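Q: Could you have a look at this structure, given as structure tokens, before my questions?
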Amino acid sequence: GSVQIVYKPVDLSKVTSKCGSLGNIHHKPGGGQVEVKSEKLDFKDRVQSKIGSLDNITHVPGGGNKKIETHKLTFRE
Amino acid sequence: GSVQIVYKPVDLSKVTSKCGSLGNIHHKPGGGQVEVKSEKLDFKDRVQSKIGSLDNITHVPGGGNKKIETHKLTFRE
Amino acid sequence: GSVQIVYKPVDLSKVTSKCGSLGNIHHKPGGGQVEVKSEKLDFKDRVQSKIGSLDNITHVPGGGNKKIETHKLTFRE
Amino acid sequence: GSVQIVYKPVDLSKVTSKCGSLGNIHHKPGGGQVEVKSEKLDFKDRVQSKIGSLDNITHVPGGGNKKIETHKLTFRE
Amino acid sequence: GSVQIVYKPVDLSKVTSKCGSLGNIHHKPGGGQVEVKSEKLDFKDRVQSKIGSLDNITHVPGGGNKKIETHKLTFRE
């Protein structure tokens, strides 16, 4: 038995952004107080962790346009 | 028995944004108080965790347009 | 028995945004008080967790237009 | 027995937004008090959790237009 | 039985950003206080961890446009 698979996706997309003035962003955190207490941490497989943090992020992109593709063709008998 | 599969998706989409003035954003947190207490943490498989945090994020993109595709063709007998 | 599958989706969509002035956003949190107490945490498979947090997010995009596609063609006998 | 499947969806949609002035947004939280007490947490498969949180989100997009597609063609004998 | 697989995806996408003036970003954290206490940490396989941190990130790109592709063709008998 012949098996013919044609996998032809076509993509002409566009992700466009236009801005005139990104200005005057003020990010002013006012301190903090973090206390974490533990005894045993056992992480095993594919672990992303944050135990104690006080994090300030100022993320100002002129673009920031994400675009995620995923093509998956699985073939078995 | 012949098996013929044609997988031809066509995409001419667009994701467009226009802005005139991103201005005058003030992010002013006023401190905080976090206390976490534990004894044993056992994380095993594909784990994203945050135990104790005090996080300030100022995210000001001029665009910020996301677009997620996912094509999956699974074939078995 | 012949099996013929034609999978031809066509997409000419658009997601459009226009703004004149993103201005004068004030985000002013006033502190806080978080206390979490535990003994044992056992997370096993595909876990997203947040135990103790005091999080301030200022998210001001000039766009922010999301668009999610998902094509799935499963074939078995 | 011949089996013929034609899967041809056509999409010419649009999601359009227009704004003149996004201005003068004030988000001013006034503190808080969170206390959570536990002993054992066992999360097993595909778990999204938040145990103790005091979260302030200011989300001001100039667009913010979502659009979700889902095409699923399942074929078995 | 002959098996013919054609895997021909076509991509003419574009991710475009235009900005006029990225200006006047002020990121002014106000200190902090982090205390983490543990006894045993056992990390085993593919582990990303942050135990005690006080991190300030100012990320101002003129672009910042991400684009992620993933093609996967798995074939077994």
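Cβ coordinates were reconstructed from backbone atoms using ideal geometry, including for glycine residues, and neighbour counts include every protein chain displayed. Every read-out reported here was derived from the displayed coordinates using simple, explicitly stated rules and does not represent laboratory data.
Q: E:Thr74: net charge of surrounding residues, Cβ under 14 Å, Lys/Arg +1, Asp/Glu -1, itself excluded?
A: +4
Q: Search the structure for amide H atoms under 5 Å from the amide H of C:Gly32, placed 1.01 Å from N in the peptide plane, and list their residues when 5 or more places away or on another chain.
A: Those qualifying (amide H under 5 Å, at least 5 residues apart or on another chain) are B:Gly32, B:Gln33, D:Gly32.
Q: Going by how many other Cβ atoms sit within 10 Å of their own, how do C:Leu54, D:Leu54 line up, fewest first?
A: D:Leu54, C:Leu54
Q: How long is the gain from E:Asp55 to E:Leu41 if the chain were fully straight, where each residue apart is worth 0.36 nm and the alpha carbon distance is subtracted?
A: Extra length available between E:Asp55 and E:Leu41 comes to 2.9 nm.
Q: Now for a different question. Hey, with R₀ at 56 Å, roughly what FRET efficiency would D:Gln33 and D:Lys8 work out to, going by the Cβ-Cβ distance, to 0.05? Could you put the intermediate results ahead of the total?
A: Details: r = 58 Å, r/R0 = 1.03.
That gives a FRET efficiency of 0.45.
Q: Can you give me the long-range amide H partners of E:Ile25? Hydrogens built in the peptide plane at 1.01 Å from N, cutoff under 5 Å, separation of 5 or more residues or another chain.
A: Amide H to amide H, under 5 Å and 5 or more residues apart or across chains, E:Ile25 pairs with A:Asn24, A:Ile25.
Q: Which values of log₁₀ I(q)/I(0), to two decimal places, follow from the Debye formula for chain D at q = 0.18 Å⁻¹ with a uniform point scatterer at every Cα?
A: -1.03
Q: Also: Binning at 20 Å from 0, report for the protein assembly as shown what percent of all alpha-carbon pair distances ends up in each bin.
A: Binned Cα distances yield the sequence 24, 46, 28, 3.
Q: What net charge do the residues around C:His26 carry, taking every other residue with its C-beta under 15 Å from that of C:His26, with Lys and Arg at +1 and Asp and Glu at -1?
A: My count for the surroundings of C:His26 gives +4.
Q: Please list C:61-73, D:1-13 highest first by mean number of surrounding beta-carbon atoms within 10 Å per residue.
A: C:61-73, D:1-13
Q: Moving to a separate point now. Using a label position 7 Å from Cα in the Cα→Cβ direction, what is the ascending list of nm distances from C:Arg76 to the same site in the other copies?
A: 0.5, 0.5, 1.0, 1.5
Q: Another one. Name the long-range amide H neighbours of C:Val47: under 5 Å, sequence gap of 5 or more, or other chain; modelled H, no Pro or chain starts.
A: B:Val47, B:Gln48, D:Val47
Q: Work out the mean other chain Cβ neighbour count within 10 Å for the residues of E:68-77 and drop it here as an integer.
A: Rounded to a whole number, the mean comes out at 6.
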